[PDB]
Engineer: 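After the structure tokens below, expect a handful of questions from me.
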Amino acid sequence: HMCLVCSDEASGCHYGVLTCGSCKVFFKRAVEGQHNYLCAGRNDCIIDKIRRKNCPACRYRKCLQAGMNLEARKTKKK
Amino acid sequence: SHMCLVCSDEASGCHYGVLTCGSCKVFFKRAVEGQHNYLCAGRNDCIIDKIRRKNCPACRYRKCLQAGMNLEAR
Amino acid sequence: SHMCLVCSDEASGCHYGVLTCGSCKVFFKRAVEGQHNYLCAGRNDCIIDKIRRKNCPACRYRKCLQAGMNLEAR
Amino acid sequence: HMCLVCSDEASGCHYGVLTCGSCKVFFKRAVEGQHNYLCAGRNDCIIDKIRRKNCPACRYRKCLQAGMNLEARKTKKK
DNA sequence: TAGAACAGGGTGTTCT
DNA sequence: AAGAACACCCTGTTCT
DNA sequence: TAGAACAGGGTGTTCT
DNA sequence: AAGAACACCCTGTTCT
Ligand SMILES: [Zn+2]
Ligand SMILES: [Zn+2]
Ligand SMILES: [Zn+2]
Ligand SMILES: [Zn+2]
Ligand SMILES: [Zn+2]
Ligand SMILES: [Zn+2]
Ligand SMILES: [Zn+2]
Ligand SMILES: [Zn+2]
């Protein structure tokens with residue numbers, strides 16, 4: 001079963017979405033910090049396992065698009 | 001002038017031997033010397049500039065080659 | 001009197017058939033009926049009282065048997 | 001490699017000591033809550049895998065004796 | 001599960 | 001000019 | 001890693 | 001007296 005962001009092996013729901021480990025800590029770091037990234041292409045870069053380092057801008061976008069949010073643990077509660 | 005022929009940064013001088021910045025200089029040596037496998041995530045036409053050249057070394061490397069860089073110019 | 005012969009709680013009446021509290025009553029049925037394996041973590045002489053009887057069912061059970069409980073007294 | 005409290009399979013250092021999972025959450029629950037437990041024996045009960053339920057009093061003691069403490073993560077730091 | 005934190009890779013600079 | 005080398009940033013793992 | 005939280009076991013009560 | 005059955009507590013796992 002697979003990461004919905006990069007299609008590497010999924011390691012569980014994280015921030016509300018079946019993702020792999022690397023995408024989980026990736027999202028968390030982008031959300032807590034600055035995410036002023038530039039796409040060098042057309043904002044549709046291919047994020048898979050070898051290429052996911054290439055474009056943070058598009059990786060973050062695919063994170064948001066897949067529905068990740070930080071408060072999804074204390075917010076998949078109330 | 002004084003713009004890198006690859007990323008359009010402020011080119012230090014002439015390297016390998018093209019008007020390139022220092023980043024591209026050393027990048028190029030590393031791309032040819034080691035390996036390394038670079039793959040474009042777009043369309044093999046990425047925008048390469050001071051801030052984006054980090055994003056796609058396949059495309060950076062290709063631009064280096066096409067501006068005629070070569071580890072032996074002397 | 002009105003003290004459990006097993007744990008010395010306030011014994012409700014006569015069960016299986018010994019002067020026992022209600023806890024020991026139902027405990028005993030469960031110990032014999034199901035199984036379950038109880039093992040003492042001390043020395044097979046545990047203090048059994050209202051608060052400690054929970055701690056060692058091996059010893060509780062043994063005391064039940066030794067006070068002559070039996071699922072058929074009638 | 002083994003839990004230093006109950007000798008079940010150890011799952012990592014927890015609260016500063018190689019313990020199994022059950023002893024980790026056991027300690028944590030005893031420390032955050034009330035631990036007014038009574039030993040029914042001589043305060044040397046045998047805490048191994050089947051018997052560790054029998055005497056919280058002695059299990060907790062073996063936890064303290066083995067050196068567990070909550071602030072051992074932010075205190076194996078400074 | 002969410003989170004800390006280490007080591008590894010890549011990059012760009014300074015300095016020979 | 002070309003090379004060495006350090007310090008930085010981002011990443012993805014492990015967390016006996 | 002530390003932490004939440006669910007389901008399972010055991011117990012003791014109330015109620016027939 | 002004996003049994004059913006609920007609600008509680010403690011435990012140890014999983015956390016696609
Ligand atoms: Zn992923
Ligand atoms: Zn992109
Ligand atoms: Zn350049
Ligand atoms: Zn490219
Ligand atoms: Zn009793
Ligand atoms: Zn005992
Ligand atoms: Zn243990
Ligand atoms: Zn004990």
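Excluded from the calculations below are hydrogen atoms, water molecules and symmetry mates; all remaining heavy atoms, backbone and side chain alike, are included. Order of the sequence lines sets the chain letters (A, B, ...), proteins ahead of strands, with each chain counted from 1.
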Engineer: Specify the separation, in whole Å, of atom CZ of C:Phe28 and atom P of G:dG12.
Structural biologist: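 Computing the C:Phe28:CZ to G:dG12:P distance gives 15 Å.
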
Engineer: Distance check, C1' atoms only: E:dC6 and H:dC9, in whole angstrom units.
Structural biologist: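 Straight-line distance between the two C1' atoms is 42 Å.
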
Engineer: Within the 4.5 Å heavy-atom criterion, are A:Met68 and A:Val5 side-chain neighbours or not?
Structural biologist: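 Counting from C-beta outward, A:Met68 and A:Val5 do come under 4.5 Å.
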
Engineer: What residues form a side-chain hydrogen bond (donor to acceptor under 3.5 Å, both in side chains) with D:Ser7, not counting sequence neighbours?
Structural biologist: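 Checked D:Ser7 against side-chain hydrogen bond (donor to acceptor under 3.5 Å, both in side chains); zero matches.
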
Engineer: According to the definition of ring centres under 5.5 angstrom and planes under 30 degrees, are F:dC15 and F:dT16 stacked?
Structural biologist: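 The answer is no; the two bases are not stacked.
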
Engineer: Do the side chains of C:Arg43 and D:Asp44 get close enough for a salt bridge, i.e. N-O under 4.0 angstrom?
Structural biologist: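 Salt bridge: yes.
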
Engineer: My understanding is that only residues two or more places apart in sequence, or in another chain, count here; which of them pass side-chain hydrogen bond (donor to acceptor under 3.5 Å, both in side chains) with B:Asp49?
Structural biologist: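 In terms of side-chain hydrogen bond (donor to acceptor under 3.5 Å, both in side chains), with neighbours along the sequence ignored, B:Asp49 is linked to B:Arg52.
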
Engineer: Indicate, with a heavy-atom threshold strictly under 4.0 Å, whether B:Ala73 touches base, sugar-phosphate, or nothing.
Structural biologist: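 If one applies the 4.0 Å heavy-atom cut-off, B:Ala73 turns out to touch nothing in the nucleic acid.
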
Engineer: Contact list please: residues 15-26 of chain C against DNA chain G, heavy atoms, distance less than 4.0 Å, in numerical order.
Structural biologist: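 Residues of residues 15-26 of chain C that come under 4.0 Å of DNA chain G are, in numerical order, C:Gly22, C:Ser23, C:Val26.
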
Engineer: Kindly give the cluster partners of A:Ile46, where membership spreads through any ILVMFWY side chain lying under 4.5 Å from a current member.
Structural biologist: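 Besides A:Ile46, the hydrophobic cluster comprises nothing; the residue is isolated.
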
Engineer: Among all residues two or more places apart in sequence or in another chain, which pass the salt bridge (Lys or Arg N to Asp or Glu O under 4.0 Å) test with B:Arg62?
Structural biologist: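 Testing B:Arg62 for salt bridge (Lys or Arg N to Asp or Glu O under 4.0 Å), a comparison that skips the adjacent residues, returns none.
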
Engineer: Listing request: all side-chain hydrogen bond (donor to acceptor under 3.5 Å, both in side chains) pairs with a residue in residues 22-32 of chain A, at least two apart in sequence or in separate chains.
Structural biologist: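 side-chain hydrogen bond (donor to acceptor under 3.5 Å, both in side chains) check on residues 22-32 of chain A returns A:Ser22-A:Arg52, A:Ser22-A:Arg59, A:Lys28-A:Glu32.
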
Engineer: With a 4.0 Å heavy-atom cut-off, tell me which residues in residues 28-61 of chain D come close to DNA chain G, sorted by residue number.
Structural biologist: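 D:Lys28, D:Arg29, in order of number.
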
Engineer: Not counting sequence neighbours, which residues clear side-chain hydrogen bond (donor to acceptor under 3.5 Å, both in side chains) with B:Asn70? List them please.
Structural biologist: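 Result, side-chain hydrogen bond (donor to acceptor under 3.5 Å, both in side chains) vs B:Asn70: none returned.
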
Engineer: If the condition is ring-ring contact (aromatic ring centres under 6.0 Å, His included), which residues does B:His36 pass it with, not counting sequence neighbours?
Structural biologist: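 Residues passing ring-ring contact (aromatic ring centres under 6.0 Å, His included) with B:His36: B:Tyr38.
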
Engineer: Hey, which of these two, A:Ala10 or D:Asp8, hits DNA chain H nearer its 5' end, going by closest nucleotide?
Structural biologist: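 In this pair, the answer is D:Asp8.
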
Engineer: Find which nucleotide of DNA chain H each of C:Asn70 and A:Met2 is nearest to by heavy atoms, and output the residue with the more 5' nucleotide.
Structural biologist: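 The residue mapped nearer the 5' terminus is C:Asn70.
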
Engineer: Can you give the dot-bracket line for DNA chain G, using ( ) for pairs inside the strand, [ ] for pairs that cross earlier ones, | for pairs with another strand and . for unpaired bases, where Watson-Crick and G-U count if both distances are under 3.5 Å?
Structural biologist: ||||||||||||||||

Engineer: Say we look at H:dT11 and E:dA4: how far apart would their P atoms be, to the nearest angstrom?
Structural biologist: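 Per the computed distance, 30 Å lies between those P atoms.
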
Engineer: Who pairs with D:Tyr15 by ring-ring contact (aromatic ring centres under 6.0 Å, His included), at least two apart in sequence or on another chain?
Structural biologist: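 So D:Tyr15 forms a ring-ring contact (aromatic ring centres under 6.0 Å, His included) with D:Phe27.
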
Engineer: If I pick the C1' atom on E:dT1 and the same atom on H:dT14, what distance separates them, to the nearest angstrom?
Structural biologist: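 One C1' to the other, the span is 10 Å.
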
Engineer: Just the rounded figure in Å: distance from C1' of F:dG3 to CZ of B:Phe27.
Structural biologist: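 In whole Å, F:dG3 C1' lies 17 Å from B:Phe27 CZ.
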
Engineer: Suppose clustering is done on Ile, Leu, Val, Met, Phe, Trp and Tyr with side-chain heavy atoms closer than 4.5 Å. Which residues sit in the same group as B:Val26?
Structural biologist: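 None; B:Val26 is a cluster of one.
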
